[PDB]
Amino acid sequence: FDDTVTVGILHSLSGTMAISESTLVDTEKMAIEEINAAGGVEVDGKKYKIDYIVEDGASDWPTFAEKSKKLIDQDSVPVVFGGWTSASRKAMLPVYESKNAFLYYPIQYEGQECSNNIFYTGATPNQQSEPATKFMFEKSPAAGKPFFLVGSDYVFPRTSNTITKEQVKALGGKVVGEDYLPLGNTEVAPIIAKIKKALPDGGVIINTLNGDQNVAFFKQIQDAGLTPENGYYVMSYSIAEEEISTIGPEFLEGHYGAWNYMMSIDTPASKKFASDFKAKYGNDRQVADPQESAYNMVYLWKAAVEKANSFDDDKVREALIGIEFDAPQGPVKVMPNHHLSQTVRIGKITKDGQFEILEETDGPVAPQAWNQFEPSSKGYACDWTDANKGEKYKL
């Protein structure tokens, strides 16, 4: 190596979100180690080793904003890989925008955003909850049954459920419940009683709980008899193979997810991701969509740097649009709206905590940041390649 570049990593390693975010740091570090082993990042004929600073967001959104300022100003990083909850991202967004910096954010979310200073590898709703909703209503064993929505009390679950309510109405179904718990809250018995009352003949439960309150939720719904055997099916948007392995797959068997990457994808690229992750971190370790999303961020950033011949975040962000990567999920591409074109999978959870893949799109789906079911965003798009279009413009 001729020089070094130091990037920022900002995730919850402690608190209620650690169950989800800790493995993202592991995965981002694996990508960095791979890139370094292959020669680093090439800029102006010089090979740069990638170093990193990890900051603990501690499941606390003001801390995410504070550590973002530290990484940008004190540490002079050219990108921060970070975030999970939309609460943490909304807290960080003014920091990256006011400092004209660059956050790369990997987690599935609600859309309704298109920051010039954020790029996104997590699913937008049309890459996750919209196909999942149609699947539950039309194809699942609870086809035609009513929907009950349960999530954490912040902007992702509330916005996701607003979209779901619009879509279920358009599909001709019914929503019979919508309830939120504060993030981390484990007092799930009252909502369980409501689900039993509202779905006396079984049905679909849409779960947007984030973090480790999912542990209490899945264990208590099983003890209450809200089980696939009794006609109750949960579709979850914010947990996958990692959290399932901590919870215990016996509590998730038979329930559903919708994701762009699943560990069970039967391709050399998917198997190599899993095998490499186990070799570095242990044979017990899972890979999953959040990790695949974060992995991709590092490789996409590296490609954009080499295309731009610069680490400057304005030049890298300009170069990043259009970049393609042969990812563990299949081919992905960074779009003019800064999001990622991705293949969509529907899965049913097995006794071992893997997904049985039941549906898969014919190639990747372009991300709709501005949601096309929600009346306020219908007809809008985002395109940062055209000065006359931009963050939010009418088609």
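Position 1 is the first residue in the sequence shown; the rest follow in order.
- Averaged over their C-alpha atoms, the temperature factors of 338-346 and 32-40 are higher for 32-40.
- Here 308-316 and 160-168 are compared by their mean Cα B-factor, and 308-316 comes out higher.
- Set against one another, the Cα B-factors of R285, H255, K280, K134 in the record reach their highest point at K280.
- The PDB entry assigns its highest CA temperature factor, among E243, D153, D289, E250, to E250.
- Ranked against the other modelled residues of its chain, the C-alpha B-factor of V80 as given in the entry falls in the middle third.
- In the PDB entry, a CA B factor belonging to the lowest third of its chain's modelled residues is recorded for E130.
- In this PDB entry, the Cα temperature factor of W370 sits in the middle third of its chain's modelled residues.
- When the modelled residues of the chain are ordered by C-alpha B-factor, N230 sits in the highest third.
- Ranked within its chain, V332 lands in the middle third, by CA B factor from the PDB record.
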